[PDB]
Amino acid sequence: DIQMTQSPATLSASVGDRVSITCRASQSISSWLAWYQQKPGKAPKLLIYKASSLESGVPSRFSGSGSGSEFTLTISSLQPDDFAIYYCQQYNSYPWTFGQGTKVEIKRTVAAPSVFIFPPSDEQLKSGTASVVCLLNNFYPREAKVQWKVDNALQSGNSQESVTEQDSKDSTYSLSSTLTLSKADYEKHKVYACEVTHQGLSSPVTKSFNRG
Amino acid sequence: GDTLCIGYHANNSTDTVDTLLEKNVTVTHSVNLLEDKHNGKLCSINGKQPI
Amino acid sequence: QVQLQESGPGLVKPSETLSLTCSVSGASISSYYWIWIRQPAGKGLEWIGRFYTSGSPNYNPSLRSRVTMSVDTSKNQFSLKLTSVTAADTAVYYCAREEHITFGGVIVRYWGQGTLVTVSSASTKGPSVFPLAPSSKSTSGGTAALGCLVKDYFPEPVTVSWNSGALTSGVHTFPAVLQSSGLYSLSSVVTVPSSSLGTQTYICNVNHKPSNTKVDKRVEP
Amino acid sequence: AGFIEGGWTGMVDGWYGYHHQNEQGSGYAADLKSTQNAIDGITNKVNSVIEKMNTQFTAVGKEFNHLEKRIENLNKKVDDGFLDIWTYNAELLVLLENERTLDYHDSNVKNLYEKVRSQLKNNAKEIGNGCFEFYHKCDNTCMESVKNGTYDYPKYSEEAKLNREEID
Amino acid sequence: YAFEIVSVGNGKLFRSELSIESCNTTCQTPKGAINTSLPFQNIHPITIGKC
């Protein structure tokens with residue numbers, strides 16, 4: 001029944017900055033809106049109800065302002081732990097509707113990663129497959145490139161990539177590049193290397209390993 | 001035949017309020033406006049500027 | 001505390017009946033409305049509906065035709081039953097408690113843990129666990145990375161722990177990545193001082209729920 | 001005013017509502033419209049009453065010397081008199097507005113009941129305790145139609161006529 | 001010696017006998033201080049801050 005426009009979809013602000021999220025409604029509501037904070041893969045936690053009622057135990061930095069069709073969630077000082085997806089719910093009329101949510105990231109100092117290579121498991125080798133892992137821990141921003149150098153020959157693809165979400169404490173990211181292939185059970189070539197290029201690196205860093 | 005009733009809320013709240021016609025009226029929901037406790041500390045407001 | 005846990009099959013075949021059960025810890029379920037809400041992957045939330053023991057339920061219109069909500073006062077649970085599942089309804093489910101009347105309208109302070117229900121014609125394929133040894137050729141000084149690979153498993157829900165919860169810092173259980181094989185690879189990593197690489201032993205405990213697999217493995221230099 | 005007898009510890013979803021009992025079972029269900037209006041009103045009331053109090057701050061006390069005893073007594077009198085005036089205003093507004101709040105809620109009761117009575121003019125029968133017995137079958141769709149103010153009297157007028165007149 | 005008047009504000013000059021423990025409150029009375037946005041208090045009339 002009631003359509004929810006939560007602008008804007010993505011934000012990134014430095015610590016201490018004020019943050020405002022707007023939640024426009026298709027139909028006006030006598031300030032019966034609520035604001036929830038959903039941490040990564042965690043139960044969504046309500047922040048403010050009645051558009052003006054700061055729930056018990058919520059830091060006072062959160063302030064909800066609005067009635068009619070326009071409401072705003074305002075974080076007075078953005079803190080590390082406030083990185084999440086924020087949703088606005090309406091309990092004026094059924095069906096209860098939520099907004100598409102707003103992702104609130106954090107702008108921080110550019111941080112170099114720490115790289116770690118993991119050779120494949122021999123147990124896996126016996127099953128005819130093979131996978132090596134490049135690991136980049138505690139970096140900022142997410143924009144890094146992890147490339148693969150088998151016998152100093154960059155590989156075409158055969159490498160998927162997973163990025164952790166922003167750490168609540170540090171707001172630093174972590175990435176894993178999984179080289180997956182057997183070929184000659186990678187017995188055809190022995191040299192293995194991780195080209196790591198990140199904004200925190202003046203020059204790229206390459207760690208490497210060979211036959212055990 | 002079928003029956004349909006009209007009613008209103010009740011709970012276990014013991015909040016008593018006064019009115020002019022009657023006092024100690026126990027109600028479902030109330031708000032205490034009166035703050036009546038302190039921490040007993042001459043503490044700082046935004047800085048240990050208190051001397 | 002009132003605590004809400006959630007039990008779901010993880011996989012439902014495309015033309016079957018999804019049955020979900022939310023279990024409550026220390027509340028008389030007869031005296032509260034109970035709400036189901038759901039989230040497709042990382043997309044928005046959708047209010048499924050509300051049911052009560054001595055009241056009248058109400059469901060979302062798009063799911064109304066197919067939803068039945070019931071309550072077991074004996075077991076202290078409430079269950080969803082969705083007919084004619086579609087693979088588009090493939091999402092995380094959450095169960096919440098509808099609190100009583102307050103001055104700001106009705107509140108949902110309590111929340112479930114979320115369970116993934118994915119609707120697929122594939123099976124319950126158990127995970128394969130392989131240890132990520134460290135680098136003896138690396139500095140062997142301070143920074144030391146250790147890991148565990150859960151390389152192939154099919155319904156997404158997987159739990160990863162380290163020393164059964166003891167190792168609590170510097171852990172980066174990565175997101176699951178779908179492989180071209182239609183299986184999911186899942187890396188989990190911990191950063192540790194290299195001094196303790198000898199005296200301390202590090203074990204990864206991996207529990208894939210719908211395959212009902214609890215494989216635990218060592219990680220040695 | 002026109003108060004009632006009884007309480008509904010089971011209805012946990014609103015100030016006001018219904019208890020329905022038909023072929024499909026029974027249950028409580030809060031009237032979201034009238035409770036929503038009452039919450040709007042009481043919120044606006046509390047906010048107005050409190051907002052009027054919000055005015056300016058001022059360091060209250062003053063100190064006067066031995067050759068200024070009299071302006072000192074006048075200043076203490078002024079402080080204390082503003083204290084009394086504000087105390088008395090707060091006390092009486094609290095008292096009278098709790099009175100009027102209970103009365104407002106009572107009137108909301110009356111309005112809801114008269115709405116339902118106008119919908120079910122003859123098709124039902126006033127029990128007396130604050131309910132209605134249907135001379136016809138009111139299934140869940142009928143219940144909801146009454147609850148959202150769209151009951152169809154000619155729909156059940158003939159069934160109700162037959163049963164009602166069968167009684168006498 | 002003389003005193004340059006740097007900044008003027010809204011302090012006070014209490015007569016009281018207490019100590020100073022870090023709490024960073026908003027509303028301080030000669031007796032104590034706690035935080036609350038209730039509209040009324042019966043603690044003390046001499047108050048500094050949002051009170």
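Because the Cβ atoms are built from the backbone with ideal geometry, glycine has one as well, and the counts that use them run over all protein chains shown. What follows is calculated from the coordinates using simple rules that are stated; it is not laboratory data.
What is the one condition in (1) within 14 Å of chain A (Cβ to nearest Cβ); (2) aromatic (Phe, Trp, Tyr); (3) in contact (Cβ under 8 Å) with a residue 40 or more places away in the chain that C:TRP162 does not satisfy?
The number of the failed condition is (1).
Considering only residues of the range C:81-121 that are of a type in the set (D, E, K, R) and surrounded by 19 or more Cβ atoms within 10 Å (Cβ to Cβ), which is nearest to the other protein chains (Cβ to nearest Cβ)?
C:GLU98
May I ask you to list the residues in the range B:34-47 that are more than 14 Å from E:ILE43 (Cβ to Cβ) and either facing another protein chain (nearest Cβ under 7 Å) or under 15 Å from the mean Cα position of the chain (by Cα) (or both)?
Answer for the range B:34-47, where residues must be more than 14 Å from E:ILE43 (Cβ to Cβ) and either facing another protein chain (nearest Cβ under 7 Å) or under 15 Å from the mean Cα position of the chain (by Cα) (or both): B:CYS43, B:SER44, B:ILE45, B:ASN46.
Just the residues that are among the charged types (D, E, K, R) and either exposed (fewer than 12 other Cβ atoms within 10 Å of the Cβ) or farther than 30 Å from E:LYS12 by Cβ (or both), please, taken from the range B:1-35.
Those that are among the charged types (D, E, K, R) and either exposed (fewer than 12 other Cβ atoms within 10 Å of the Cβ) or farther than 30 Å from E:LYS12 by Cβ (or both): B:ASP2, B:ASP15, B:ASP18, B:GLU22, B:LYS23.
Does any residue of the range D:24-32 turn out to be surrounded by fewer than 16 Cβ atoms within 10 Å (Cβ to Cβ) and more than 12 Å from chain C (Cβ to nearest Cβ)? Break it down stepwise before answering.
To start, the set of residues in the range D:24-32 that are surrounded by fewer than 16 Cβ atoms within 10 Å (Cβ to Cβ) comprises D:24-26.
Checking the rest, the ones that are also more than 12 Å from chain C (Cβ to nearest Cβ) come to none.
No: zero hits.
Which of (1) more than 7 Å from every other protein chain (Cβ to nearest Cβ); (2) more than 29 Å from B:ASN11 (Cα to Cα) is the odd one out, the single condition D:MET53 does not satisfy?
For D:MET53, the exception is condition (1).
Are there any pairs, at least 6 apart or on different chains, whose C-beta atoms fall under 7 Å, with the first in the range A:38-51 and within 8 Å of another protein chain (Cβ to nearest Cβ) and the second of a type in the set (S, T, N, Q) and assigned to a loop (DSSP other than H, G, I, E, B), and if so, which?
Going by the 7 Å Cβ cut-off, the qualifying pairs are A:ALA43/C:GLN113; A:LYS50/A:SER31.
Just to be sure, is D:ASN75 in contact with a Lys or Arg (Cβ under 9 Å, 6 or more places away or on another chain), surrounded by 14 or more Cβ atoms within 10 Å (Cβ to Cβ), within 13 Å of chain B (Cβ to nearest Cβ) and polar (S, T, N, Q)?
For D:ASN75, the condition - in contact with a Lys or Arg (Cβ under 9 Å, 6 or more places away or on another chain), surrounded by 14 or more Cβ atoms within 10 Å (Cβ to Cβ), within 13 Å of chain B (Cβ to nearest Cβ) and polar (S, T, N, Q) - is not met.
Could you run through the range B:14-33 and say how many residues are farther than 23 Å from D:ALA1 by Cβ and more than 8 Å from chain E (Cβ to nearest Cβ)?
Number of matching residues: 2.
For the range C:96-106, which residues satisfy the criterion of being of a type outside the set (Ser, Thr, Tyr) and either outside any loop (DSSP other than H, G, I, E, B) or within 15 Å of A:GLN37 (Cα to Cα) (or both)?
C:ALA96, C:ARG97, C:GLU98, C:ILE101, C:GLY105, C:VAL106
Counting only residues that are surrounded by 13 or more Cβ atoms within 10 Å (Cβ to Cβ) and assigned to a strand (DSSP E or B), which one in the range A:27-45 is farthest from the chain's Cα centre (by Cα)?
A:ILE29
Yes or no: the range D:84-105 includes at least one residue that is more than 21 Å from the chain's Cα centre (by Cα), away from chain B (no Cβ under 11 Å) and surrounded by 13 or more Cβ atoms within 10 Å (Cβ to Cβ).
Yes, the range D:84-105 has at least one match.
Name the single residue that is surrounded by the fewest Cβ atoms within 10 Å (Cβ to Cβ) among those in the range A:1-25 being more than 21 Å from the chain's Cα centre (by Cα) and in a strand (DSSP E or B).
A:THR5
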